[PDB]
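A.B. asks: sequence unavailable; structure follows:
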């Protein structure tokens, strides 16, 4: 059972990039578990692919904490995080709920 | 349909839920503010839906340190987080390539 939400992300400087990210959320209900009751999905299931470039993925999946701006209006509002990853500055807009 | 990575997110306790998240990446070219300075209409345009429930989204984006790194079908590296938010304990896996 499916849901989705969209992010945006872009870097600065020479060779700057700009991506849309559609996060497709799938509810797996109650999957099979081991003893104790632990799930090990990274090893159980096949990942999607082919992968985007390495540095783009590291940047999107970076922790960054400091919400530094709020974009958009009304019901479609986005939190901006602003961070560097090895000399490259990134901006990442995340949908923020109510 | 272009470039893709996978994440995993799950909770413990009664009402535990389990989710696969596929992150679809679409290269949009140059960062959205040009030197003129006009905006790319692609930015925040046509967000996907419907959106996942608020506690799920919040959990997915909660700041949390990496507990450990794991593999990963095909020796693919993931960062793991183990954290609590809203009284609920969550586990999270994020694709993190080098």
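C.D. replies: On my side now, so go ahead. Numbering: from 1, shown residues only, chains lettered A, B, ... in the order given.
A.B. asks: from residue A:49, how far off is the residue sitting furthest away from the middle of chain A?
C.D. replies: Centroid-distance maximum for chain A: residue A:35 at 31.0 Å, with Cα atoms, centre = their mean. Per Cβ to Cβ, to the nearest Å, residue A:35 is found 31 Å from residue A:49. For every residue, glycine as well, the C-beta is placed using N, CA and C.
A.B. asks: please enumerate the helices of chain A.
C.D. replies: Per DSSP state H, chain A carries helices over the ranges A:41-44, A:54-60.
A.B. asks: touching chain B at all, the last one?
C.D. replies: Put plainly, it is helix A:54-60. Yes: Helix A:54-60 reaches chain B (Cβ under 8 Å from any Cβ of the partner chain) through A:54, A:56, A:57, A:58, A:60.
A.B. asks: so what does that helix touch, helix or strand wise?
C.D. replies: strand A:2-11, strand A:18-27, strand A:78-85, strand A:88-95 (3 or more Cβ pairs under 8 Å, 6 or more residues apart in numbering or on different chains; DSSP states H and E).
A.B. asks: do you know which of those lies nearest residue B:92?
C.D. replies: Among these, strand A:18-27 comes nearest to residue B:92, with 12.9 Å by Cβ to Cβ.
A.B. asks: what strands line up against the closest one, and which way round?
C.D. replies: strand A:2-11 (antiparallel), strand B:18-27 (antiparallel) (DSSP bridges).
A.B. asks: turn the ones you listed into a markdown table, columns for distance to residue A:88 and mean neighbour count.
C.D. replies: Listed next are the strands paired with strand A:18-27 as a markdown table, based on distance: least, Cβ to Cβ, whole Å; neighbours: other Cβ atoms under 10 Å in any protein chain shown:
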| stretch | distance to residue A:88 | mean neighbour count |
| --- | --- | --- |
| strand A:2-11 | 5 | 20 |
| strand B:18-27 | 16 | 19 |
